[PDB]
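Numbering (the entry's author numbering), first residue to last: 54 to 520. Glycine included, every Cβ here is placed at the ideal spot set by N, Cα and C.
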Ligand SMILES: O=c1[nH]c(=O)c2[nH]c(=O)[nH]c2[nH]1
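Right under this line is the structure:
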């Protein structure tokens with residue numbers, strides 16, 4: 054009842070928006086190119102050379118990651134006072150402001166306005182990604198924590214699916230309709246602002262500092278459906294006492310701490326290889342990638358729709374596959390399969406003209422890549438980061454992981470069109486090399502984590518440290 058409604062509202066408000074903004078920049082790409090060309094011509098009187106337009110488009114696409122970086126940097130400070138529901142309402146404010154900033158760009162004729170709107174969407178996505186789990190896991194009972202853990206990925210996948218769906222030439226792909234593609238963002242924000250504020254707040258955050266026992270008891274009774282919640286309250290108080298009994302280490306000392314040097318190196322490498330493995334690229338430039346694959350230009354958006362559908366289905370299947378396969382074998386197999394399928398994709402791209410049916414193997418390779426990602430290392434690191442460290446919720450580790458992820462996303466988004474221009478026929482070899490290198494490194498480094506207490510991994514890494 055209340056728990057399901059709250060989880061659905063929060064997911065549709067944050068992860069749905071993140072998925073939509075991850076997979077909305079590909080469909081209207083030629084129209085935005087034409088608008089950029091016309092605007093530059095009218096302002097300056099000279100045409101755009103293709104390289105300059107490609108650089109501008111890359112900046113427009115990749116500024117979202119810099120927005121996410123600044124959002125992750127600011128959320129740590131904002132959450133000490135704002136909280137969870139207030140932070141989500143501020144997130145809704147950012148979302149509506151950026152949506153209105155983007156959707157009213159063509160009318161005034163401003164591309165800088167579009168850039169700033171995409172930047173504010175980046176900060177919105179960063180705040181959403183850093184806030185939503187801390188609320189979803191908090192308001193959920195420990196019995197059903199895994200379900201709401203996988204919901205935060207199911208909803209990103211469904212947002213990517215609906216972003217692919219919105220952009221077909223019939224629905225929202227016409228010349229005189231592409232401005233509304235960024236105006237759809239209003240509806241999720243409106244529904245979230247209508248649903249969430251009529252729900253109980255996060256109990257632990259208020260029970261930390263303001264110490265409101267009555268409201269916490271009411272929220273726990275509403276969530277659990279019973280008036281006897283003494284055990285959970287006692288456990289929360291014990292956890293808070295344990296947390297305040299131990300000093301919290303910052304980023305500088307964590308980087309300067311030799312006893313977690315290998316841990317931070319491993320998490321940094323895992324995040325960098327996860328983001329340079331390439332899925333945000335295969336969302337951003339799906340139309341161009343499938344056009345370069347020999348598929349006729351009259352069927353690409355339907356191919357993108359199928360891509361989104363198979364992504365969602367792979368997420369749904371992974372939701373159960375994860376619980377039986379494992380963590381380290383699963384992640385290594387995911388990276389190895391991604392590398393092998395990148396090899397398959399590049400060999401069917403290089404020699405597509407040999408047989409007429411070869412260009413239709415690119416979509417099969419794309420589905421294989423997406424299945425290997427979303428049924429694999431796609432969601433493991435979000436639990437692996439907690440598994441590695443002692444507190445399992447270390448702010449320094451979270452900040453480092455977020456910074457690495459956002460910088461890697463920015464680099465990939467900025468450099469993918471350039472590597473395509475350089476290696477039209479073999480541009481996926483770089484991704485394959487990155488995937489295989491990451492697989493080798495994390496097979497030689499990362500040990501088994503599931504069904505292993507923090508003491509065992511701590512002593513294993515202590516003997517690994519050679520000290
Ligand atoms: O579950 C995910 N799906 C994605 O499409 C994606 N893209 C990304 O960077 N991280 C994730 N995670």
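Please report the distance separating the alpha-carbon of residue i from that of residue j.
i: residue 300; j: residue 179; result: 27 Å
i: residue 160; j: residue 82; result: 18 Å
i: residue 361; j: residue 263; result: 44 Å
i: residue 510; j: residue 502; result: 7 Å
i: residue 370; j: residue 270; result: 37 Å
i: residue 85; j: residue 338; result: 14 Å
i: residue 415; j: residue 112; result: 27 Å
i: residue 290; j: residue 516; result: 35 Å
i: residue 417; j: residue 397; result: 10 Å
i: residue 474; j: residue 107; result: 10 Å
i: residue 176; j: residue 407; result: 47 Å
i: residue 311; j: residue 284; result: 39 Å
i: residue 267; j: residue 60; result: 23 Å
i: residue 276; j: residue 477; result: 54 Å
i: residue 138; j: residue 252; result: 10 Å
i: residue 265; j: residue 254; result: 12 Å
i: residue 223; j: residue 149; result: 26 Å
i: residue 74; j: residue 241; result: 12 Å
i: residue 171; j: residue 197; result: 35 Å
i: residue 123; j: residue 454; result: 13 Å
Quick one: does the C-beta of residue i sit closer than 7 Å to a heavy atom of ligand 1?
i: residue 74; result: no
i: residue 203; result: no
i: residue 301; result: no
i: residue 363; result: no
i: residue 326; result: no
i: residue 213; result: yes
i: residue 79; result: no
i: residue 464; result: no
i: residue 120; result: no
i: residue 206; result: yes
i: residue 70; result: no
i: residue 432; result: yes
i: residue 333; result: yes
i: residue 422; result: no
i: residue 209; result: yes
i: residue 427; result: yes
Between residue i and residue j, which are expected to be in contact by the criterion C-beta below 8 Å, what is the C-beta distance as a whole number of angstroms?
i: residue 92; j: residue 164; result: 6 Å
i: residue 220; j: residue 354; result: 6 Å
i: residue 72; j: residue 209; result: 4 Å
i: residue 364; j: residue 214; result: 6 Å
i: residue 326; j: residue 436; result: Not a contact, Cβ separation roughly 17 Å.
i: residue 70; j: residue 335; result: That belief does not hold up - the Cβ atoms of residue 70 and residue 335 are roughly 20 Å apart, past 8 Å.
Should residue i and residue j be called a contact, given that it needs their Cβ atoms to be closer than 8 Å?
i: residue 118; j: residue 432; result: no
i: residue 428; j: residue 485; result: no
i: residue 323; j: residue 495; result: yes
i: residue 226; j: residue 450; result: no
i: residue 304; j: residue 419; result: no
i: residue 245; j: residue 136; result: no
i: residue 320; j: residue 438; result: yes
i: residue 143; j: residue 173; result: no
i: residue 500; j: residue 314; result: no
i: residue 63; j: residue 185; result: yes
i: residue 49; j: residue 94; result: Only positions 54 to 520 of the chain appear in this structure, which leaves residue 49 out of reach.
i: residue 273; j: residue 256; result: yes
i: residue 357; j: residue 340; result: yes
i: residue 110; j: residue 350; result: no
i: residue 193; j: residue 373; result: no
i: residue 491; j: residue 388; result: yes
i: residue 514; j: residue 316; result: yes
i: residue 448; j: residue 348; result: no
i: residue 402; j: residue 346; result: yes
i: residue 76; j: residue 216; result: yes
i: residue 298; j: residue 261; result: no
So the candidates are the options; which of them puts its Cα closest to the Cα of residue i?
i: residue 248; options: 488, 450, 518 and 58; result: 58
i: residue 68; options: 472, 205, 242 and 75; result: 205
i: residue 126; options: 470, 459 and 487; result: 459
i: residue 115; options: 442, 169 and 425; result: 169
i: residue 385; options: 426, 411 and 376; result: 426
i: residue 482; options: 312, 399 and 347; result: 399
i: residue 87; options: 231, 462, 279 and 347; result: 231
i: residue 129; options: 153, 218, 203 and 456; result: 456
i: residue 307; options: 156, 191, 442 and 145; result: 442
i: residue 329; options: 133, 287, 463 and 207; result: 463
i: residue 489; options: 392, 424 and 410; result: 392
i: residue 507; options: 444, 200 and 423; result: 444
i: residue 140; options: 302, 155, 162 and 188; result: 188
i: residue 167; options: 89, 217 and 207; result: 89
i: residue 199; options: 375, 157, 309 and 287; result: 375
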